[PDB]
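What follows is a single chain, given as structure tokens, in the form deposited in one PDB entry.
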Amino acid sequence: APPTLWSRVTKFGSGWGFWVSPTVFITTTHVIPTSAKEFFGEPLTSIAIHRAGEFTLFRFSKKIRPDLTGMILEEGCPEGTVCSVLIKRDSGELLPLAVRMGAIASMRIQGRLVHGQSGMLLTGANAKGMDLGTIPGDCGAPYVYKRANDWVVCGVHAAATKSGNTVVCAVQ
């Protein structure tokens, strides 16, 4: 995946978030620290928060990331699309996990009710672990895919099943 996509992946709360543009940051609602009143040196006052279940969008009044160009954010992707989940792990290692996306789903995973776009990992047969699959610290990592000449972001990592084979992307 291109360097300009990896540059947008930002350590945040208990997981990650993604810069769509200089003013727009997206993340998984449950990774956001509950007491937080400041983000990138700005007060809540100065920020427009748009929350839909496990999807949260932050729109800043000023350019926090002026090095970046605005990208396309879509509301999930067609069934059958292959996405990469842009996961950073211990070492500056970069793990673009391949996932075949499916239908919008409602699930119970461990102790929680989760809603978003379901996918199946294409990394291995029994991806329950850090080497081939996701771990709880990956929450907020972006789902991206290439279309013709463009890259698109279409959601953020919200949950995985006990087996690790099924993941859920929260969508706008």
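The numbering used is simple: start at 1 and walk along the sequence shown. The term rigid core refers to the maximal set of C-alpha atoms that superpose within 1.5 Å between the two forms.
If you average the C-alpha B-factors over 30 to 38 and over 115 to 123, the higher value belongs to 30 to 38. Looking at 147 to 155 and 5 to 13 together, the entry lists the larger mean B-factor for 147 to 155, computed on C-alpha atoms. In this entry, the residue among 68, 135, 132, 48 with the greatest C-alpha B factor is 48. Placement of the Cα temperature factor of residue 92 within the chain: highest third of the modelled residues, per the deposited record.
Remark: residue 166 belongs to the lowest third of its chain, ranked by C-alpha B-factor as recorded. Ranked within its chain, residue 43 lands in the highest third, by CA B factor from the PDB record. Per the deposited record, the Cα B-factor of residue 109 falls in the highest third when ranked against the other modelled residues of its chain.
Residue 52 sits in the highest third of its chain by CA B factor, as recorded in the PDB entry.
The same protein also has a form solved in complex with a small molecule, omitted here; what follows describes it.
Of the candidates 70, 66, 129, 41, the Cα that moves 2 angstroms or more after core superposition between this form and the one not shown belongs to 129 alone.
Core-superposed comparison between this form and the one not shown: the C-alpha position of residue 80 differs by less than 2 Å.
Compared with the form shown here, the Cα atoms of residue 13 and residue 90 sit 3 Å or more closer together in the deposited complex. Here's the thing about residue 90 and residue 32: their CA atoms end up at least 3 Å closer in the deposited complex than they are in this form.
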